[PDB]
Structure formats: C-alpha cells, structure tokens
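Given as structure tokens, the chain that follows is alone and in the form deposited in one PDB entry.
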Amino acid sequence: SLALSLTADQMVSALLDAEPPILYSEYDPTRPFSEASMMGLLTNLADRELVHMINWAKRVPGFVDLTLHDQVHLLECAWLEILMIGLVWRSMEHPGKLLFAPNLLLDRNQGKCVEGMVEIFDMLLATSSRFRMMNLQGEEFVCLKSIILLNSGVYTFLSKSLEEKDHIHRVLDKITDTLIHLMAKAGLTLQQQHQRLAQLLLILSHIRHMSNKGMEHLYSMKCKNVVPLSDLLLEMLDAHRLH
C-alpha cells in the first residue's frame, strides 16, 4: 500500500496537489432571485463540483486501493460534507457571507429566499467563523477534507456486522500523524498539538450534522418540484434515505 509508506510531508503534497478548482456559478445578475432560481444555481454548481470531487477522491492516498463498491459508498456518504467543508473554507475571509463561487457570494438575508435554507446557512456561517478564529491552515483543511472522505462511510461497512476496514483506518492514522506533524512544525507545544487536533476533529461532528440537515432540505426541494436535479444528484441524494 503506497499511502502507508508516505511521509507526512509527502502526504501533504499529494493532498495539496489533488485540490479541485474553484468553479463559477451561472449567476445572472439581470434577474432577481427566486426560491427556484437560487436552488437552481446552487444545485447546478454542486453538480459540476461533484465531477471534480470524484477526480480528487481518486487522488487521495489509499482511496484507489478500495473496490468500486467501497469508493461508491464513501463518496455517497461524504459528498455533501465535502462540498460544505470546501464552502466554509472559501468563505473564511468573507465574514458574514458564503462564497459558493467567486460570482456568487451570499449573505443570510439572501439565503432566506429559499424555504428552510437560512437555518443551514447560519450553521455554515458559524463554522466559517470558527475556522477563522482557529486560524485553520490550508494544509490542515486538506487533511480534514480527506478524513471526511475516508471516515464518514466507514462504520456503515456492514457485511450486517461491521467489516474490519483496517486499510482505511491505517490511512486515517497516517493523516492523524500528518496533522500532528504540521502542528509541531508550526511551533505548537505538545499539549497544544493534542488540543488543536481535538478541536479540529470535533468540528467534523458539526459538519456531519450540517450535511444531514442539508440533505433533508435538498430532499424537500426535490419532493416539492422546486428544482430539477441532475441524475447524479438524484442518485447521490437517493443513497441517503429520507422521508
């Protein structure tokens, strides 16, 4: 397994170099927003990002080591968390706003135009503010985003008893080693290293929460025929089960 033999510094380089591009929305400023048109812009954007996410996942060390069935499951579990952590990262330098794309920077009042969205917008804004106060570094961000990919679906590998996916866990341990290496090299004390590692990982629980609320919100928009979803988005949504 290549991944396992990477050094910290090599782990960081692969992840940094695998980063996807920042895409643009189809925002058209000649027109006012509706619930329907806002949902349209956001899902059109998500849909295009997914194609880049799949390519990025393939470049996360150890990911290509799994069966297609396993890769499919992980991305199905993590895709919205991953779009969200990316969004909150892009938004860090824009206190009060969410940078969905460079041409689509929205404040919570604009989020109100979609029924049930503002509550999630508020959680996203708060997460961005938390990253800003913690002074999250890009090297640390890429590590968390990979941990999300490898972790979120891991305890749903049911055979229905949990399969031992030591490979994934071995990779997750390497990313832990890398986060710690980055913090040490950043000058943090031993106690500060474990404290920060904890603060960063606890945020992932909040990102999971936001993902579950956004998935429910997206399912609601579909069941109200607010926006046509791409077949990919329909399949990713369907992976989660909502009623």
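In this text, rigid core is short for the largest set of C-alphas that superpose within 1.5 Å between two forms. Don't overthink the numbering: it's just position in the shown sequence, from 1.
Below: the form deposited in another entry, not depicted.
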item: Position with Cα shift of 2 Å or more, rigid core superposed between this form and the one not shown, options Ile22, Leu16, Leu234, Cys223; value: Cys223
item: After fitting the core, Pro32 CA displacement of 2 Å or more between this form and the one not shown; value: yes
item: Cα-Cα shift for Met221 and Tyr24, closer or farther in that other deposited form, minimum 3 Å; value: farther
item: Note on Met117-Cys223 C-alpha separation in that other deposited form, which departs from the shown form by 3 angstroms or more; value: closer
